[PDB]
Amino acid sequence: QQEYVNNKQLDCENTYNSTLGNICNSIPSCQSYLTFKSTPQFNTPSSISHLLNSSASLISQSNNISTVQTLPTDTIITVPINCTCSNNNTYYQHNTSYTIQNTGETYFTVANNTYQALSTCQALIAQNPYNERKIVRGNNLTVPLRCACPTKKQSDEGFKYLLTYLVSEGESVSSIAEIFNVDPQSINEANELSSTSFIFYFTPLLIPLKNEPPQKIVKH
Ligand SMILES: *[C@@H]1O[C@H](CO)[C@@H](O)[C@H](O)[C@H]1NC(C)=O
Ligand SMILES: *[C@@H]1O[C@H](CO)[C@@H](O)[C@H](O)[C@H]1NC(C)=O
Ligand SMILES: *[C@@H]1O[C@H](CO)[C@@H](O)[C@H](O)[C@H]1NC(C)=O
Ligand SMILES: *[C@@H]1O[C@H](CO)[C@@H](O)[C@H](O)[C@H]1NC(C)=O
Ligand SMILES: *[C@@H]1O[C@H](CO)[C@@H](O)[C@H](O)[C@H]1NC(C)=O
Ligand SMILES: *[C@@H]1O[C@H](CO)[C@@H](O)[C@H](O)[C@H]1NC(C)=O
């Protein structure tokens, strides 16, 4: 289980435990997965791997695609990543780097737009030295991407991986669970939600997996 960010990552002026990162509460190193929607700029295994610090061969393997193909805009892909503990072993995160392309970008646009909510403004503020009001083109940010490793309880239940899923409008825990062939209660467990809680678009949600994720993700 990890606490759900619950749209606290919209409130960049305040610090919330969940927005600083998933807590290192299990094994210190594991294989994990992110998801990512291709865009005109990030439309190939090489460009996406560079942004997210994965490899083109891993993306090719996980999605059953060529390492050199383009992807139609808005294709959801899985991205295999290491997940390990960082910052005095406090957080599970996967580090990557991002150089600001245009002055005007902010910690929020980096976390929410460029990285599609795979990180948070608060984690970027906490883990970088730049004045949040004066970020400029060329600043090279460390971006702590959200991931986790299964807890002992989840492993005992048969979960091999956790995958960080990006919620879109019109999804429910049941529709997301159908993608991965898991019980939605296991998604609730993984995110410290109940069947009465809500999930929100443009937030990351951990999906516990018994097997590798499907090679093609279709929301509906
Ligand atoms: C956040 O975590 C710390 C230590 O883990 C502790 O203050 C408490 O459990 C949480 N509270 C707040 C206000 O963040
Ligand atoms: C995993 O960690 C190794 C060693 O730090 C690093 O070289 C590699 O880029 C990482 N790969 C992924 C997919 O996270
Ligand atoms: C990830 O980035 C943080 C913040 O700069 C750093 O403290 C940590 O050592 C990094 N972990 C790596 C590179 O494995
Ligand atoms: C990729 O992740 C590894 C740790 O797994 C880290 O050492 C390396 O600095 C990262 N690369 C980038 C470009 O941030
Ligand atoms: C967050 O990013 C999405 C694209 O991933 C964008 O559509 C949305 O406008 C951004 N959220 C805010 C509050 O600006
Ligand atoms: C930003 O830093 C990373 C390592 O933290 C490095 O791999 C990358 O080349 C740097 N970006 C630029 C544009 O120099």
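Residues numbered from 1 in each chain as written, not as in the entry; some residues may be left out. Chains lettered and ligands numbered in written order. Heavy atoms only, no water. Residues with missing side-chain atoms left out of burial classes, pairs and counts.

(A) Structural context of the pattern of salt bridges. Tallying each qualifying case throughout the model produces three salt bridges. We note a salt bridge from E132 to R133, for which the minimum N-O separation is 2.8 Å. Judged by its relative accessible area of 32%, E132 falls in the partly exposed class. (Salt bridge = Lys/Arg side-chain N within 4 Å of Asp/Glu carboxyl O. Buried < 20%, exposed > 50% of the residue type's maximum accessible area, 1.4 Å probe, protein only.)

(B) Structural view of the site of ligand 2. Taken together, the neighbourhood of ligand 2 is formed by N53, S54, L58, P80, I81, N82 and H94. At 3.5 Å from an oxygen atom of ligand 2 is found a side-chain nitrogen or oxygen belonging to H94. When the free accessible area of ligand 2 is taken as 370 Å², the share hidden by the protein chains comes to 46%. Residue composition of the shell around ligand 2, grouped by class: three nonpolar, four polar and no charged. (Near = heavy atom within 4 Å. Polar contact = N/O pair within 3.5 Å; in protein donor to acceptor, adjacent residues only side chain to side chain. Areas by Shrake-Rupley, 256 points an atom, 1.4 Å probe, with all protein chains shown as cover. Nonpolar A, V, L, I, M, F, W, Y, C, P; charged D, E, K, R; others polar.)

(C) Main features of the pairing of strand β2 (residues 29–37). Note: β2 against strand β3 (residues 76–86), nine bridges, orientation antiparallel. Note on β3: the bridge partner recorded for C30 is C83. (Pairing = 2+ DSSP bridges. Helix = DSSP H or I, 4+ residues; strand = E, 2+ residues; numbered from the N terminus.)

(D) Expanded view of the site of ligand 5. Close to ligand 5 lie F108, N112, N113 and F202, which account for all nearby residues. A distance of 2.2 Å separates an oxygen atom of ligand 5 from a polar atom in the side chain of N112. Notes on ligand 5: free accessible area 360 Å², of which the protein chains cover 49%. By residue class, the composition of the shell around ligand 5 is two nonpolar, two polar and no charged.

Everything listed is a geometric property; what it means functionally is a separate question.
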